[PDB]
$ cat final.txt   # compact mmCIF, C-alpha atoms and all ligand atoms
# COMPACT_ATOMS: atom_id res chain seq x y z
CA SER R 1 -69.20 3.74 83.53
CA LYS R 2 -71.35 6.58 84.99
CA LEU R 3 -71.53 7.85 88.59
CA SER R 4 -74.03 6.22 90.99
CA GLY R 5 -75.53 7.49 94.23
CA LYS R 6 -77.61 10.48 95.32
CA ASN R 7 -75.14 12.81 97.12
CA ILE R 8 -72.53 13.63 94.49
CA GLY R 9 -69.89 16.36 94.57
CA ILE R 10 -68.24 18.49 91.90
CA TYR R 11 -64.59 19.50 92.26
CA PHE R 12 -62.83 21.92 89.93
CA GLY R 13 -59.23 22.46 88.98
CA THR R 14 -56.86 23.29 86.19
CA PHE R 15 -54.55 20.57 87.61
CA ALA R 16 -51.30 21.96 86.20
CA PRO R 17 -50.11 19.76 87.80
CA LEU R 18 -52.28 17.64 90.05
CA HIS R 19 -50.49 17.39 93.41
CA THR R 20 -50.95 15.99 96.94
CA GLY R 21 -52.85 19.17 97.80
CA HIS R 22 -55.62 18.50 95.27
CA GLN R 23 -55.57 14.77 96.08
CA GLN R 24 -55.97 15.26 99.80
CA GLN R 25 -59.01 17.47 99.11
CA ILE R 26 -60.39 15.16 96.43
CA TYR R 27 -60.30 12.10 98.68
CA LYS R 28 -62.02 14.07 101.46
CA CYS R 29 -64.77 14.96 98.97
CA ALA R 30 -65.03 11.28 97.98
CA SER R 31 -65.63 10.20 101.58
CA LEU R 32 -68.48 12.71 102.01
CA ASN R 33 -70.38 12.01 98.80
CA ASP R 34 -71.50 8.93 96.98
CA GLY R 35 -69.48 10.11 93.98
CA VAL R 36 -67.22 12.87 92.73
CA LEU R 37 -66.92 14.46 89.30
CA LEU R 38 -63.54 16.15 88.76
CA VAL R 39 -63.83 18.99 86.24
CA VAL R 40 -60.65 20.14 84.46
CA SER R 41 -60.88 23.56 82.83
CA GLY R 42 -58.59 25.05 80.21
CA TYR R 43 -58.18 27.26 77.15
CA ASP R 44 -55.48 27.60 74.52
CA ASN R 45 -52.21 29.08 75.83
CA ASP R 46 -53.37 29.07 79.46
CA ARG R 47 -51.06 28.86 82.46
CA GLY R 48 -50.79 25.08 82.06
CA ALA R 49 -50.54 25.09 78.26
CA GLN R 50 -47.49 27.35 78.44
CA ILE R 51 -45.50 24.68 80.28
CA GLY R 52 -46.64 21.91 77.93
CA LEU R 53 -49.77 20.68 79.76
CA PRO R 54 -52.68 21.77 77.57
CA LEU R 55 -56.19 20.90 78.65
CA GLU R 56 -56.20 17.65 76.63
CA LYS R 57 -52.96 16.33 78.12
CA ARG R 58 -54.06 17.35 81.64
CA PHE R 59 -57.41 15.59 81.15
CA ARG R 60 -55.75 12.32 80.01
CA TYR R 61 -53.26 12.38 82.90
CA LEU R 62 -56.17 12.89 85.32
CA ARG R 63 -58.10 9.97 83.87
CA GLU R 64 -54.97 7.85 84.31
CA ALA R 65 -54.38 9.13 87.86
CA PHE R 66 -57.95 8.13 88.88
CA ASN R 67 -58.33 4.92 86.77
CA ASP R 68 -58.56 3.16 90.14
CA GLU R 69 -61.64 4.79 91.67
CA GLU R 70 -65.12 3.30 91.64
CA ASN R 71 -66.78 6.68 92.33
CA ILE R 72 -64.52 9.37 90.80
CA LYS R 73 -65.03 10.51 87.17
CA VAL R 74 -62.80 13.02 85.34
CA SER R 75 -64.44 15.46 82.90
CA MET R 76 -63.32 18.22 80.54
CA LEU R 77 -64.84 21.73 80.59
CA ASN R 78 -63.64 23.35 77.36
CA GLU R 79 -63.58 27.12 77.97
CA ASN R 80 -62.78 28.04 74.34
CA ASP R 81 -65.32 30.46 72.80
CA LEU R 82 -66.85 32.37 75.74
CA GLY R 83 -70.94 34.80 78.48
CA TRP R 84 -71.21 32.92 81.80
CA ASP R 85 -74.49 31.41 80.57
CA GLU R 86 -72.91 29.23 77.90
CA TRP R 87 -70.17 28.25 80.33
CA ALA R 88 -72.79 26.96 82.79
CA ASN R 89 -74.71 25.21 79.98
CA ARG R 90 -71.63 23.07 79.35
CA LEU R 91 -71.07 22.45 83.06
CA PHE R 92 -74.56 21.14 83.67
CA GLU R 93 -74.30 19.24 80.39
CA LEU R 94 -71.25 17.56 81.95
CA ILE R 95 -73.18 16.80 85.12
CA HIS R 96 -76.22 15.44 83.29
CA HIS R 97 -74.18 13.16 81.01
CA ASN R 98 -71.81 11.82 83.69
CA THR R 99 -74.47 10.94 86.32
CA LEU R 100 -76.75 7.95 86.67
CA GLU R 101 -79.71 9.07 88.81
CA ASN R 102 -82.17 11.92 89.36
CA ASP R 103 -82.95 13.77 92.61
CA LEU R 104 -79.28 14.50 93.23
CA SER R 105 -77.81 16.51 96.08
CA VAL R 106 -75.04 18.19 94.10
CA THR R 107 -72.40 20.19 95.97
CA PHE R 108 -69.99 22.36 94.00
CA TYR R 109 -66.55 22.88 95.54
CA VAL R 110 -65.30 26.25 94.24
CA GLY R 111 -62.31 28.41 95.15
CA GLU R 112 -62.95 31.89 93.71
CA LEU R 113 -65.75 34.19 94.83
CA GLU R 114 -66.61 35.27 91.28
CA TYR R 115 -67.31 31.65 90.25
CA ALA R 116 -69.50 30.73 93.22
CA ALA R 117 -71.44 33.99 92.79
CA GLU R 118 -72.20 33.49 89.08
CA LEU R 119 -72.99 29.79 89.64
CA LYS R 120 -75.68 30.30 92.32
CA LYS R 121 -77.65 32.51 89.89
CA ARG R 122 -77.93 29.63 87.42
CA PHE R 123 -79.16 26.41 89.08
CA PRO R 124 -81.55 24.89 86.51
CA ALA R 125 -84.87 23.37 87.55
CA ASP R 126 -83.97 19.76 86.73
CA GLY R 127 -85.07 17.97 89.93
CA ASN R 128 -81.63 18.34 91.59
CA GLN R 129 -80.72 20.12 94.83
CA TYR R 130 -77.68 22.35 94.22
CA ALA R 131 -75.36 23.93 96.77
CA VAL R 132 -72.15 25.89 96.26
CA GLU R 133 -69.41 25.52 98.84
CA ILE R 134 -66.42 27.88 98.97
CA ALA R 135 -62.96 26.39 99.49
CA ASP R 136 -59.75 28.22 100.34
CA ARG R 137 -57.64 27.07 97.40
CA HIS R 138 -54.87 29.58 98.01
CA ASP R 139 -52.43 27.02 99.33
CA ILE R 140 -53.28 24.55 96.54
CA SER R 141 -52.89 27.14 93.79
CA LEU R 142 -49.67 28.52 95.24
CA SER R 143 -48.32 24.96 95.44
CA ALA R 144 -49.16 24.30 91.80
CA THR R 145 -47.45 27.56 90.90
CA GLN R 146 -44.34 26.65 92.92
CA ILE R 147 -44.23 23.23 91.22
CA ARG R 148 -44.30 24.74 87.73
CA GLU R 149 -41.59 27.22 88.81
CA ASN R 150 -39.26 24.57 90.28
CA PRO R 151 -40.51 20.97 89.95
CA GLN R 152 -37.42 19.40 91.46
CA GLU R 153 -37.99 21.23 94.75
CA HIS R 154 -41.58 19.98 95.18
CA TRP R 155 -41.18 16.70 93.29
CA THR R 156 -42.59 14.32 95.93
CA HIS R 157 -45.87 16.26 95.83
CA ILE R 158 -46.42 15.98 92.08
CA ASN R 159 -48.88 13.22 91.22
CA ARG R 160 -46.86 10.40 89.69
CA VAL R 161 -48.65 10.51 86.31
CA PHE R 162 -47.61 14.15 85.94
CA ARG R 163 -44.01 13.46 86.96
CA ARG R 164 -43.43 12.01 83.46
CA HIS R 165 -43.50 15.62 82.16
CA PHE R 166 -41.49 17.57 84.77
CA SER R 167 -38.32 15.45 84.85
CA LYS R 168 -34.97 17.00 84.06
CA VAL R 169 -33.07 14.87 81.55
CA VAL R 170 -29.29 14.55 81.23
CA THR R 171 -28.03 12.59 78.22
CA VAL R 172 -24.44 11.36 77.90
CA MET R 173 -23.12 11.05 74.33
CA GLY R 174 -19.93 9.71 72.80
CA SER R 175 -18.28 6.87 70.96
CA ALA R 176 -17.87 3.61 72.80
CA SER R 177 -14.95 2.63 75.03
CA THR R 178 -14.62 6.28 76.10
CA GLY R 179 -16.01 5.95 79.66
CA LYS R 180 -19.71 6.83 79.22
CA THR R 181 -20.99 3.89 81.19
CA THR R 182 -18.79 4.56 84.21
CA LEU R 183 -19.72 8.26 83.94
CA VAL R 184 -23.49 7.73 83.67
CA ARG R 185 -23.44 5.34 86.62
CA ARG R 186 -21.41 7.66 88.89
CA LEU R 187 -23.34 10.81 87.95
CA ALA R 188 -26.70 9.17 88.68
CA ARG R 189 -25.49 7.49 91.87
CA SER R 190 -24.19 10.89 93.07
CA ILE R 191 -27.72 12.22 93.44
CA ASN R 192 -29.67 8.93 93.92
CA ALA R 193 -30.89 9.29 90.32
CA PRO R 194 -32.00 6.60 87.87
CA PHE R 195 -30.05 5.95 84.71
CA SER R 196 -30.34 4.00 81.50
CA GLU R 197 -27.98 1.55 79.82
CA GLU R 198 -26.60 1.80 76.32
CA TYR R 199 -29.09 -0.35 74.41
CA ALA R 200 -26.72 -1.14 71.55
CA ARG R 201 -24.56 -2.94 74.10
CA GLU R 202 -27.51 -5.09 75.20
CA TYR R 203 -28.76 -5.63 71.67
CA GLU R 204 -25.32 -6.82 70.53
CA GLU R 205 -25.02 -9.21 73.46
CA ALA R 206 -28.52 -10.70 73.21
CA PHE R 207 -28.29 -11.10 69.42
CA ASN R 208 -24.58 -11.94 69.44
CA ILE R 209 -23.45 -9.59 66.64
CA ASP R 210 -20.54 -7.15 66.25
CA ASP R 211 -20.68 -3.54 65.08
CA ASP R 212 -19.83 -4.33 61.44
CA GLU R 213 -22.58 -6.98 61.32
CA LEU R 214 -25.40 -4.48 61.98
CA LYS R 215 -27.77 -3.93 59.07
CA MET R 216 -30.48 -1.31 58.63
CA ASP R 217 -33.19 -3.23 60.50
CA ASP R 218 -30.84 -3.46 63.50
CA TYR R 219 -30.46 0.32 63.69
CA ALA R 220 -34.24 0.61 63.36
CA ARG R 221 -34.54 -1.76 66.33
CA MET R 222 -31.98 0.24 68.35
CA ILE R 223 -33.77 3.57 67.78
CA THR R 224 -37.07 2.47 69.29
CA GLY R 225 -35.29 0.19 71.76
CA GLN R 226 -33.01 2.87 73.22
CA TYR R 227 -35.92 5.32 73.36
CA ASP R 228 -38.12 2.84 75.24
CA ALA R 229 -35.28 2.25 77.70
CA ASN R 230 -34.70 5.95 78.28
CA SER R 231 -38.46 6.52 78.51
CA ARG R 232 -38.60 3.76 81.09
CA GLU R 233 -36.09 5.58 83.30
CA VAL R 234 -37.70 9.01 82.76
CA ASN R 235 -40.95 7.47 84.06
CA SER R 236 -39.40 5.30 86.78
CA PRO R 237 -40.91 5.47 90.28
CA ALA R 238 -37.28 5.86 91.40
CA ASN R 239 -37.03 9.19 89.57
CA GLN R 240 -36.54 12.01 92.06
CA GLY R 241 -36.54 14.86 89.49
CA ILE R 242 -33.44 14.13 87.40
CA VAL R 243 -32.60 11.11 85.22
CA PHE R 244 -29.44 10.30 83.28
CA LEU R 245 -29.53 8.65 79.86
CA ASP R 246 -26.67 6.68 78.24
CA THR R 247 -26.99 7.83 74.58
CA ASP R 248 -30.10 8.53 72.54
CA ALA R 249 -31.27 8.55 68.91
CA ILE R 250 -28.72 11.19 67.84
CA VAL R 251 -25.85 8.90 68.86
CA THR R 252 -27.41 6.03 66.92
CA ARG R 253 -28.05 8.39 64.00
CA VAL R 254 -24.37 9.31 63.96
CA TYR R 255 -23.31 5.67 63.72
CA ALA R 256 -25.95 4.99 61.09
CA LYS R 257 -24.81 7.87 58.86
CA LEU R 258 -21.21 6.66 59.23
CA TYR R 259 -21.83 2.99 58.48
CA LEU R 260 -24.97 2.46 56.56
CA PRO R 261 -25.36 2.85 52.80
CA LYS R 262 -26.90 6.19 51.90
CA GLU R 263 -30.17 4.53 50.85
CA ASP R 264 -30.55 2.61 54.09
CA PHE R 265 -29.85 5.74 56.12
CA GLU R 266 -32.39 7.68 54.02
CA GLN R 267 -34.98 5.09 55.02
CA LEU R 268 -34.47 5.37 58.78
CA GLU R 269 -34.69 9.17 58.38
CA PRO R 270 -38.41 9.46 59.28
CA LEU R 271 -38.02 7.22 62.34
CA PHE R 272 -34.92 9.17 63.33
CA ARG R 273 -36.80 12.48 63.04
CA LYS R 274 -39.88 11.28 64.95
CA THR R 275 -37.78 9.75 67.73
CA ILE R 276 -35.35 12.69 68.12
CA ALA R 277 -38.26 15.17 68.21
CA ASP R 278 -39.90 13.22 71.09
CA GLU R 279 -36.66 13.51 73.14
CA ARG R 280 -36.70 16.09 75.92
CA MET R 281 -33.10 16.84 76.95
CA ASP R 282 -32.07 19.54 79.41
CA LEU R 283 -28.30 18.87 79.51
CA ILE R 284 -26.20 16.96 77.00
CA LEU R 285 -22.82 15.74 78.22
CA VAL R 286 -20.47 14.89 75.34
CA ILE R 287 -17.30 12.89 75.97
CA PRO R 288 -14.77 13.94 73.34
CA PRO R 289 -12.26 11.61 71.68
CA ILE R 290 -9.11 10.99 73.68
CA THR R 291 -6.26 8.49 73.54
CA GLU R 292 -7.60 6.59 76.58
CA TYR R 293 -9.54 3.45 75.50
CA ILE R 294 -11.54 2.99 78.72
CA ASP R 295 -13.19 -0.43 78.09
CA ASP R 296 -15.48 -0.97 81.07
CA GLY R 297 -15.50 -4.57 79.76
CA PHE R 298 -17.48 -4.85 76.52
CA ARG R 299 -15.60 -3.81 73.36
CA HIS R 300 -17.44 -2.16 70.50
CA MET R 301 -14.97 -3.61 67.97
CA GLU R 302 -15.50 -1.01 65.21
CA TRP R 303 -16.94 2.08 67.01
CA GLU R 304 -13.28 2.77 68.12
CA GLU R 305 -10.19 4.10 66.24
CA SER R 306 -12.30 6.59 64.25
CA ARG R 307 -13.38 8.49 67.38
CA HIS R 308 -12.57 11.89 65.84
CA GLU R 309 -14.64 10.98 62.78
CA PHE R 310 -17.53 10.07 65.09
CA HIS R 311 -17.08 13.19 67.20
CA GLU R 312 -17.14 15.46 64.13
CA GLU R 313 -20.36 13.94 62.79
CA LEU R 314 -21.81 14.00 66.31
CA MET R 315 -21.17 17.72 66.58
CA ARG R 316 -22.42 18.13 63.02
CA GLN R 317 -25.71 16.52 64.01
CA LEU R 318 -26.06 18.23 67.41
CA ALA R 319 -25.90 21.48 65.44
CA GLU R 320 -28.37 20.16 62.83
CA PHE R 321 -30.97 19.78 65.61
CA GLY R 322 -30.25 23.10 67.33
CA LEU R 323 -29.09 21.52 70.57
CA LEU R 324 -25.72 23.20 71.02
CA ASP R 325 -26.85 25.49 73.85
CA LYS R 326 -27.57 22.36 75.95
CA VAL R 327 -24.19 20.79 75.08
CA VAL R 328 -21.16 20.64 77.37
CA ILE R 329 -17.97 18.90 76.24
CA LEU R 330 -15.85 17.16 78.88
CA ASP R 331 -12.50 18.20 77.40
CA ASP R 332 -10.31 17.56 80.43
CA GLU R 333 -7.29 15.44 81.38
CA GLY R 334 -4.90 17.86 79.71
CA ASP R 335 -6.62 21.24 79.48
CA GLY R 336 -9.77 23.83 84.53
CA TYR R 337 -11.66 20.94 86.14
CA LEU R 338 -9.83 18.14 87.93
CA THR R 339 -11.35 15.17 86.13
CA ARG R 340 -13.90 14.47 83.45
CA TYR R 341 -16.32 13.61 86.28
CA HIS R 342 -15.72 16.87 88.19
CA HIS R 343 -16.62 18.86 85.08
CA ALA R 344 -19.70 16.74 84.46
CA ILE R 345 -21.14 16.80 87.97
CA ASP R 346 -20.66 20.57 88.08
CA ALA R 347 -22.55 20.92 84.80
CA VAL R 348 -25.29 18.80 86.42
CA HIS R 349 -25.32 21.42 89.17
CA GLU R 350 -25.49 24.32 86.70
CA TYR R 351 -28.38 22.89 84.63
CA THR R 352 -30.57 21.16 87.25
CA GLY R 353 -29.97 23.15 90.43
CA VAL R 354 -29.05 20.18 92.62
CA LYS R 355 -26.49 20.66 95.38
CA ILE R 356 -23.18 18.75 95.14
CA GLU R 357 -20.74 18.50 98.04
CA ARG R 358 -17.18 19.59 97.53
CA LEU R 359 -14.48 17.15 98.55
CA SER R 360 -11.78 19.65 99.51
CA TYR R 361 -11.90 22.97 101.40
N1 LIG E 401 -35.94 9.23 75.53
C1 LIG E 401 -35.83 10.49 75.95
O1 LIG E 401 -34.76 11.09 75.91
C2 LIG E 401 -37.04 11.18 76.49
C3 LIG E 401 -36.93 12.45 77.04
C4 LIG E 401 -38.08 13.06 77.53
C5 LIG E 401 -39.30 12.40 77.45
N2 LIG E 401 -39.37 11.18 76.91
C6 LIG E 401 -40.67 10.50 76.85
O2 LIG E 401 -41.59 11.29 76.08
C7 LIG E 401 -42.70 11.72 76.87
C8 LIG E 401 -42.71 13.24 76.95
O3 LIG E 401 -44.03 13.69 77.27
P1 LIG E 401 -44.41 15.25 77.13
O4 LIG E 401 -44.98 15.37 75.74
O5 LIG E 401 -45.41 15.48 78.24
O6 LIG E 401 -43.09 15.97 77.33
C9 LIG E 401 -42.57 11.09 78.25
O7 LIG E 401 -43.69 10.24 78.50
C10 LIG E 401 -41.24 10.34 78.25
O8 LIG E 401 -41.39 8.95 78.56
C11 LIG E 401 -38.28 10.56 76.44
MG MG E 402 -47.58 8.51 82.54
MG MG E 403 -28.07 14.72 57.43

$ encode --input "final.txt" --output "C-alpha cells"
Amino acid sequence: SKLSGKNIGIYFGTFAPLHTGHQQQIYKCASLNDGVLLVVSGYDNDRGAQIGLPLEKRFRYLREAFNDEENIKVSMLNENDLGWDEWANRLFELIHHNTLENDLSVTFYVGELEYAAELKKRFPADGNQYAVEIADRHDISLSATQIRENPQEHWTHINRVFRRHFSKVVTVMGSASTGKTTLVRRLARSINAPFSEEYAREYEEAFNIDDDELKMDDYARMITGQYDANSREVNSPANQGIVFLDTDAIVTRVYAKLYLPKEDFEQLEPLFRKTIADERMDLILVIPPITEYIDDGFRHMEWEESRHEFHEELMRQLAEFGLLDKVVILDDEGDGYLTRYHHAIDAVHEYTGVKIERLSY
C-alpha cells in the first residue's frame, strides 16, 4: 500500500474543508506524476480545529475521500512542537516511508513563498531529485474560507465526505398525533431537503406492538435506531445543506422517563447521554399540545391524552441539556403567524438563511 513510480508529486493543504478547488488541482497533479502524496498539516486550535475539523478528523476524511485512487496517498504532517529543520525532517520522513522506489523526481506543490523558500534550502542528499513549484492558492484558500463562513452557500463544492460535518440540522419534536409528520414532510419539501421518519412508528409497525407494550430493550433499540435514521439523512447524497429530523433521542428519553420504571430508565441513561451528545441540532421545532388530534393515519394509542404531561417533561429535558436557545415553539392557531407551518418555515429562514417565497403581497 505504498506509492509506485519514479515521478511523484507532493501536494499540501489544511483541507478545512477539501473542496472542488483542491480536487481539480489534485487530479491535475495525478495526471502529471506517477503518484501523489497529499500532506495534511495542522496544530491544536488551528483554523480548521476551531470549526470542529482537527487535523485527525481532516486526515481521516481525506483518506476516505481518496480510498478510490491507485496512486494517491494521504499523509499527516503533525506541526505540534516546532525550527523549520525539524518540520522538514518529518516531511521527508513522510516521503521516505510512503514511497516505494529510489531515484525519485519529487515535485513539491506549495502556495506560500515562505514555505518554498525554506524548503529549497533543505533538500537532503538521498538520491532523489527535488523541485519546488509555486502555486497560486489564493482562490483555493479563499474558497475554503468562504465555505467555513457559510457552508450552505458553497455546498456543492464541499467534498462529499466533509459534507457530513457542515449540514444544518432541524429537529421536530412533540407527542404523537400532533402533526409532526405532515410538518416535517412539508418543511423539507419546501426547500428540496431530505427528512427522516419517526422510527418508533416504524418499529411499532414492523414488530407489531403498541405503546404500552414497549419494554426497556425496545427503547434501547429506538435510541440507536432513530439516531441511525437521522444520521442517514444528515449524510444523504440528497442533502443540499439542510436536513429535517422527525424526533431524536430527547423525545424518546421523554417517553422513557414517563413510562419506564425508574430502574429501567436509569439503565438507558448512559446510552441516552452518549446518543444525545452526538446530536448536532441547529434549530429545534417543538409542536405544543393542542386539542387537535391530527392522526396522519397511525395512532400512537397511549402517547396521546397526556400531551401536556409530555410537553412539560420535554421542556424539562430540553432545559436539562441546555438547548433552549435553539428551541422555537409553534404556539399558533389561537395566539402572530398564520399557521403552525408559517411559523415553522420562517424559523427555518431565521436559523439557516434559506430564502422562502411569500404567498401574498
Ligand atoms: N442524529 C442527529 O441528530 C445527528 C446530528 C448531527 C450529526 N449526526 C451524526 O454525527 C456525526 C457528526 O460528526 P462531527 O463530529 O463531524 O460533527 C455525523 O457523521 C452525523 O451522521 C447526527
Ligand atoms: Mg462520511
Ligand atoms: Mg433526569

$ closest_residue --input "final.txt" --among "R:16, R:319, R:188, R:276" --to "residue 146 in chain R" --atoms "only C-alpha atoms"
R:16

$ residues_near_ligand --input "final.txt" --ligand "ligand MG 402 (chain E)" --cutoff "8 Å" --atoms "all atoms listed in the file" --output "JSON, numbers by chain"
{"R": [61, 64, 160, 161, 162, 163, 164, 235]}

$ closest_atom_pairs --input "final.txt" --of "chain R" --to "ligand LIG 401 (chain E)" --cutoff "8 Å" --atoms "all atoms listed in the file" --output "tab-separated table"
residue	atom	partner	partner_atom	distance
R:52	CA	E:LIG401	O5	6.6
R:53	CA	E:LIG401	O5	7.0
R:57	CA	E:LIG401	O5	7.6
R:164	CA	E:LIG401	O7	5.3
R:165	CA	E:LIG401	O5	4.4
R:166	CA	E:LIG401	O6	7.8
R:167	CA	E:LIG401	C4	7.7
R:169	CA	E:LIG401	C3	6.4
R:171	CA	E:LIG401	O1	7.3
R:226	CA	E:LIG401	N1	7.4
R:227	CA	E:LIG401	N1	4.5
R:228	CA	E:LIG401	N1	6.8
R:229	CA	E:LIG401	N1	7.3
R:230	CA	E:LIG401	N1	4.5
R:231	CA	E:LIG401	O8	3.8
R:232	CA	E:LIG401	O8	6.4
R:233	CA	E:LIG401	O8	7.9
R:234	CA	E:LIG401	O8	5.6
R:235	CA	E:LIG401	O8	5.7
R:245	CA	E:LIG401	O1	7.0
R:248	CA	E:LIG401	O1	6.3
R:276	CA	E:LIG401	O1	8.0
R:278	CA	E:LIG401	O2	5.6
R:279	CA	E:LIG401	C3	4.1
R:280	CA	E:LIG401	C4	3.7
R:281	CA	E:LIG401	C3	5.8

$ closest_atom_pairs --input "final.txt" --of "chain R" --to "ligand MG 403 (chain E)" --cutoff "9 Å" --atoms "all atoms listed in the file" --output "Markdown table"
| residue | atom | partner | partner_atom | distance |
| --- | --- | --- | --- | --- |
| R:257 | CA | E:MG403 | MG | 7.7 |
| R:266 | CA | E:MG403 | MG | 8.9 |
| R:269 | CA | E:MG403 | MG | 8.7 |
| R:316 | CA | E:MG403 | MG | 8.6 |
| R:317 | CA | E:MG403 | MG | 7.2 |
| R:320 | CA | E:MG403 | MG | 7.7 |

$ atom_distance --input "final.txt" --atom1 "CA of residue 244 in chain R" --atom2 "CA of residue 142 in chain R"
29.7 Å

$ residues_near_point --input "final.txt" --point "(-67.9, 1.3, 93.3)" --cutoff "12 Å" --atoms "all atoms listed in the file" --output "ChimeraX atom specification"
/R:1-5,30,34-36,68-73

$ residues_around --input "final.txt" --residues "residue 351 in chain R" --least-positions-apart "6" --cutoff "9 Å" --atoms "only C-alpha atoms" --output "compact mmCIF listing (two decimals) with C-alpha atoms, keeping the file's coordinate frame"
# COMPACT_ATOMS: atom_id res chain seq x y z
CA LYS R 168 -34.97 17.00 84.06
CA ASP R 282 -32.07 19.54 79.41
CA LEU R 283 -28.30 18.87 79.51
CA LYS R 326 -27.57 22.36 75.95

$ atom_distance --input "final.txt" --atom1 "CA of residue 337 in chain R" --atom2 "CA of residue 252 in chain R"
29.0 Å

$ residues_near_point --input "final.txt" --point "(-14.8, 0.6, 82.0)" --cutoff "6 Å" --atoms "only C-alpha atoms" --output "VMD selection string"
chain R and resid 179 294 to 297

$ closest_residue --input "final.txt" --among "R:182, R:352, R:159, R:239" --to "residue 22 in chain R" --atoms "only C-alpha atoms"
R:159
